[PDB]
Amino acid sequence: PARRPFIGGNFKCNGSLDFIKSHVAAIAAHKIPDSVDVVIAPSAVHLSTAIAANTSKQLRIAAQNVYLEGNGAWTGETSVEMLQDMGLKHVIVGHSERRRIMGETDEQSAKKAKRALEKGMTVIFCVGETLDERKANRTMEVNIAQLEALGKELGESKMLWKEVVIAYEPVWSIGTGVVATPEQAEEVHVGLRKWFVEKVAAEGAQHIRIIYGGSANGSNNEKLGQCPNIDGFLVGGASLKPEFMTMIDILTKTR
């Protein structure tokens, strides 16, 4: 019932060509053990520059988003086919910025994930509740609904769930500095784990990785990483900084 630690860095809409070259080189120069998964997600226009700068045998490059159709008449959108042609294994789907600011629906996120998973990618599937939703006592209702939408698309497929990494990021913690307490985070992760047991049964559930995000940084990650159901982190702001490497180290010696 053991799971490989995972840390992802979401650069979001940040970076210049020079920054991508210099920052990817810095991360690639860091010692990354073979025991943990480390990925970084540059902006789409920077993926090929990042791949060229990535001299690490461990670090992987991920995309921040992908569309729910194959190649075709989808102006402004990227297909799974394009990502795989570039050699990428990982993609972030359902980030709360896309759900809450850009109108990506629960079904849209689920259909994106399904298509990527079917084609063999690993999907970092994001869920999370807003401050108001938590205030209304709907935290689990909201997170479960987002997962249920995925479940509707994936059913109980062994193949499909294998390469899902759930990222729980309370929306009130994203970019705000208001990191969840270890108790708040673990509480939600236990709820999600229980949901997985019901949907794919106990064995299937034991291997689903759940990472935390929302103001995770070099200074606060250790205590969170000690929680049994927190398998690692999705890191936004700190992923643009040297402290990202500190987080890699900490996740390693903790888990």
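Note that residue numbering follows the sequence shown and begins at 1.
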item: Per the entry, higher mean C-alpha B factor between 223 to 231 and 58 to 66; value: 223 to 231
item: Which of 193 to 201 and 207 to 215 has higher mean CA B factor, as the PDB entry lists it; value: 193 to 201
item: Candidate set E77, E163, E183, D85 [ranked by C-alpha B-factor, highest]; value: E183
item: Top Cα B factor in the deposited entry, candidates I174, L154, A73, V127; value: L154
item: Ranked against its chain, the third holding the CA B-factor of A44; value: lowest
item: Where the record places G8 (Cα B-factor, split into thirds across the chain); value: lowest
item: Chain thirds of CA B-factor: placement of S96; value: middle
item: Assigned third (lowest, middle, highest) for the C-alpha B factor of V36; value: highest
item: Chain-relative CA temperature factor third for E118; value: middle
